[PDB]
Amino acid sequence: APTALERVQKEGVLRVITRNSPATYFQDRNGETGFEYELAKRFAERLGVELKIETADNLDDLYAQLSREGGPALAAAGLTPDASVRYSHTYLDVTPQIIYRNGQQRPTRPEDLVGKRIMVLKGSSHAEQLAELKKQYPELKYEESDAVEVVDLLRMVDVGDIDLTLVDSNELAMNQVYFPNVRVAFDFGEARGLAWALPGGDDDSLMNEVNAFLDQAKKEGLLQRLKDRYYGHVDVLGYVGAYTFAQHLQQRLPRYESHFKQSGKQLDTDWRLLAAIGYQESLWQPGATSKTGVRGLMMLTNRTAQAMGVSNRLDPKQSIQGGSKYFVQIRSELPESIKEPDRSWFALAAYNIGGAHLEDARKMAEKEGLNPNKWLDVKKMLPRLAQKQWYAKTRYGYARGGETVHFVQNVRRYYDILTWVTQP
Ligand SMILES: CC(C)[C@H](N)C(=O)O
């Protein structure tokens, strides 16, 4: 008579069903990832079992697998919370948002959905929301598809195939950086928690382990660290900066993508990181120049150019080649036991602020009894290079070490964003 929990533990596998969606589960360079994947993999680790993911064709399929004997133990799928289905405690507050196309008539309230072409996923809480609206306004028309994901409905608004969709704010935020013409019209409802779904029944053995995991996850910052990483683009970049990234990805990157990729091949370095640097430096503009005679797409000094054999810094190919050689060389000089990924984040700090001021920040880390080989500690020190109190105590004095923390954070975020929609 094994409980749900004992079943898992005896099989030594946790089978989780999810959506095929950026917001939940997909693959990158290093394998499986995504918010729900990472969250569910820490749950399987907690239980001491192997995670096995299944994906459903659509939401009705996903809820049908859960009600099957022998099916998945739980669904982790950005689900908005029937004896056939039980929900965990909620783990993230998301708001349903009506999405429209920039430059078209912004709907401001529910009645404005009438006369608009509107599609949502079949079997979704979105479709239920609309079903309730239609009882009030019979003239409301909307279509449901079970052949599409949410990212695909956002693309339909983006390219103009539909006027409107309804989507959770965390999904909007994640994908706002890819669709330059989608905008939030308004919030169709207030924030509400997402929850994992479990098979119905009277056995609360796994449900209680799920809820203790989510409790822990909130306690330690795990949910918020995952949310900032995948869903945090608008909070960190601003709304305008996130959609502007979409513009520049669609209209600028294609002119340089192959340059970036050749460099990556040449230097055995992920090309999306190199493109991320270019984005943070110039917004992928070959002509950009600064005050201090640093220029071109990657922002190279004349020395760097000379050292790197770059004739013309206004040539993008050239600037990318030398910028990317220079990043990789900086990264190579760092002390050998500093490992990836920190190795790369230190290299990004150095690219921006230069080896000297970095060294001072690492020394300051050590004098504070923090670790100078630990990125997070050195990060804590860098902003101090701009505070008088602390740059007084440094060999090379004042530097814009707050800008440097922003540069590393953004490059990391841009790199993520490019990774999730491009090939290695
Ligand atoms: C899955 C998504 C579309 C939404 N949260 C829902 O539960 O239907």
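Residues numbered from 1 in each chain as written, not as in the entry; some residues may be left out. Heavy atoms only, no water.

Per the PDB entry, the protein chain is named Membrane-bound lytic murein transglycosylase F, and its organism is Pseudomonas aeruginosa PADK2_CF510. The deposited entry bears the title "Crystal structure of MltF from Pseudomonas aeruginosa complexed with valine".

Our next topic: the packing of helix α11 (residues 253-267) against helix α12 (residues 271-282). Two elements in contact, α11 and α12, have axes whose closest approach is 8 Å; the angle formed by their N-to-C orientations is 130°. The angle between the axes of α11 and α12 places the two elements in the oblique class. Crossing of α11 against α12: the hand is right-handed. Of the residues in α12, those in contact with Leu253, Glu257, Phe260, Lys261, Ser263 and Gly264 of α11 are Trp271, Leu274 and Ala275. Its residues assigned to classes, the contact of α11 with α12 comprises five nonpolar, two polar and two charged. (Axes fitted to C-alpha atoms, helices over the stretch in contact; angles between N-to-C directions. Helix = DSSP H or I, 4+ residues; strand = E, 2+ residues; numbered from the N terminus. Parallel < 35°, antiparallel > 145°, perpendicular 65-115°, else oblique. Left-handed = near helix turned anticlockwise from the far one by under 90°. Contact = heavy atoms within 4.5 Å. Nonpolar A, V, L, I, M, F, W, Y, C, P; charged D, E, K, R; others polar.)

Right, let's get into the sheet that holds strand β11 (residues 182-187). What the three strands build is an open sheet, ordered β10-β7-β11; its pairing is antiparallel. Looking at the sheet topology across the chains shown, the edges are occupied by β10 (164-168) and β11. Looking at each pair of strands side by side, their axes are set apart by 40° on average, direction ignored. Pairing of strand β7 (residues 96-101) with β11 involves five bridges; the strand directions are antiparallel. (Pairing = 2+ DSSP bridges.)

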